[PDB]
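One chain comes next, on its own, written as structure tokens: the form deposited in one PDB entry.
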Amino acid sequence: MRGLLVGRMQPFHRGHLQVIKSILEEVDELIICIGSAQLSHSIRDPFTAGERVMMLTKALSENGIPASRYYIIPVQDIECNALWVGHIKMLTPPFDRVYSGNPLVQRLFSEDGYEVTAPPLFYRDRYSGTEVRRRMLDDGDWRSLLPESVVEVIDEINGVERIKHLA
């Protein structure tokens, strides 16, 4: 029983972490696709896919979730939304259920015949990439929004300096 979760993870935050843990209570393995893998260095998508692979790896590891329970697969975006479900399928192991709070993702997988679950949002007003990046830019408390392993990654790659320069 394998689930699928798609997210840009810009950057991976505590909301992503909560949702993943609960998904792991109902599936054996979780495929985690890092969407928009071709985008980096913009205010909306600051981090490369590879930096995001590291954030994920360190966070899940820090929280003791064994690697054999999930897959991390970067997925570039494509021009045709009508082909995107097939694009994900092509790049991943087979899966039984899809988890997403994104309307487009929900609708595409639904039209393709998949049951889609929209888990309850964990602290939706603070746990969002938008809020994290807004705090990094305006000097607010972004660190408390992310697992500490992710903050370490962001420090090592000079993420704040990057985003501020870009803005």
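Here the rigid core means the biggest group of C-alpha atoms that line up within 1.5 Å when the two forms are laid on top of each other. Heads up: residue numbers just count along the shown sequence, starting at 1. Shifts are known only where both forms have a C-alpha.
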Going by the mean C-alpha B-factor recorded in the entry, which is higher: 5-13 or 18-26? 18-26
Out of 38-46 and 124-132, which one has CA B-factors that are higher on average in the deposited record? 124-132
For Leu137, the third of its chain by CA B-factor is the highest
Name the third of the chain's ranked CA B-factors that contains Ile65, choosing lowest, middle or highest. highest
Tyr99: CA temperature factor from the record, placed by chain third, in the middle
Place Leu56 in the lowest, middle or highest third of its chain's C-alpha B-factors, as listed in the PDB entry. middle
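Another form exists, deposited in another entry; not displayed. Remarks below refer to it.
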Looking between this form and the one not shown after fitting on the rigid core, I'd like to know which of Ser42, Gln38, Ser110, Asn63 has a C-alpha displacement of 2 Å or more. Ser110
Using the form shown as baseline, tell whether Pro120 and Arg134 are closer or farther in Cα-Cα distance in the other form, where the change reaches 3 Å or more. farther
Since the C-alpha distance between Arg143 and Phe122 changes by 3 Å or more in the other form, give its direction relative to the shown form: closer or farther. farther
Rigid-core overlay between this form and the one not shown puts runs of three or more residues with Cα moved 2 angstroms or more at 101-104, 110-115, 119-123
